[PDB]
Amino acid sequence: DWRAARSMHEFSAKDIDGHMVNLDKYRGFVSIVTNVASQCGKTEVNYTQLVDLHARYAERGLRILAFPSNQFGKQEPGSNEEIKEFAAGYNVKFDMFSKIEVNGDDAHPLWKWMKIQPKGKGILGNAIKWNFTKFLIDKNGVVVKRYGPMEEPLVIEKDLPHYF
């Protein structure tokens, strides 16, 4: 059934406070969807740059959805409350979600869907490879790019005017 979706806007996800979010609220906004972790070598560069992008582009319509996951080196061990508190240290004002799995049979259906999209395909299969993979989503909820763990968020900035 998640296979039949054609837009991110068809999904819902539980935010970091335990409340459901209809992802259709991102309709008309360019969105970055990313899997985060607090204990990765690139935690700092990723959070800092995402906060910076959000601050500078939120008025142009940039939204950021951050999904914690503990699937990559067990680098997100904390509770949702502890992760929320960690994000607060970076002055995060974008949208934090409850911890999920992004690979395997229990992965969040959004993540299952993103990974098989025409412009969401991975390199070396479609599995998320490590923390801080980023998906760029257009104003219609279509996946338009996948950026790998090594591609810092500021790499995405040049692509934003292609979809604003």
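In case it trips you up, residue 1 is the first one in the sequence shown, and so on.
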Please compare 50-58 with 30-38 and say which has the higher mean C-alpha temperature factor in the record. 50-58
Mean C-alpha B-factor comparison - 122-130 and 105-113, higher one: 105-113
Which third, lowest, middle or highest, does the C-alpha temperature factor of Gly18 belong to within its own chain? highest
Lowest, middle or highest third: which one holds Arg146 when the chain's residues are ordered by CA B-factor from the entry? lowest
